[PDB]
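Next up, structure tokens for two forms of one chain, structure 1 and then structure 2.
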Structure 1
């Protein structure tokens, strides 16, 4: 395709420059700032709640036969008493540990499926809360 290398070269340039800027406390864009804040928040959460997070990840083990409903059931228990930014971070971290576990078990095919389940969950459940609570820009200000 005519524009393939332009498009992938630009992607590589943007990624590398976003990374270099973030290392010095700068950001390529507002979306890059949201991504960075969420990456760091996930590390912080996983470190502070290591034992409690281990109890959560033990609740679900994805197989090629696992239905979205099983993921949605576990994630729903995480938000039964309500939503907050910390619980949203825990949701992202949970999805990340399910993907890690899938590749550990040589089921890399499940990674794209988990990503699609996470995006479905966010769309079906969490957008009204994100919007009412100032959006991802408020998360960046609260985290930083």
Structure 2
């Protein structure tokens, strides 16, 4: 209810802020917190080192609502065609975030929630077995 929700939102804001400040000092709130910001950092580094190539490829995106899923699916299934690796997983997140940014830029904000669902499913059904075989996200954090 609305009363409980204000309590929950306050708690979430605190945890978010403390998690961030811990991370700035090489510490972490929790294992999941460490994963989230290893991923944020890895994506930033990927986009920074490969700014020229990543900018270029994202510039080529042609999105409409009726073709967005087809596009997302063809790109990710090609990305993983010959296997999975941690670098490809980072590329996958970076690509999804770029797809979202493009969608909002083009006044297709409706696609943002759709892309998030498509990615979460992809993680569950395509990528999870490899991730689990390769030491889970904690291994990505160490790596």
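Positions refer to the first chain, counted from 1. If you superpose the two forms and keep the largest set of C-alpha atoms that fall within 1.5 Å, you have the rigid core.
| request: Please look at 56, 83, 97, 115 and say which one has a C-alpha shift reaching 2 Å or more between the two structures, core superposed. | output: So the only displaced C-alpha belongs to 56.
| Once the rigid core is matched, what's the CA displacement of residue 15 between the two structures in angstrom? | Once the two forms are fitted on their core, the shift reads 0.5 Å.
| So, with the core fitted, how far does residue 46 move at its Cα between the two structures, in angstrom? | Residue 46 is displaced by 1.1 Å at its C-alpha.
| Rigid core superposed, the C-alpha shift at residue 68 between the two structures in Å | Residue shift at the C-alpha: 3.3 Å.
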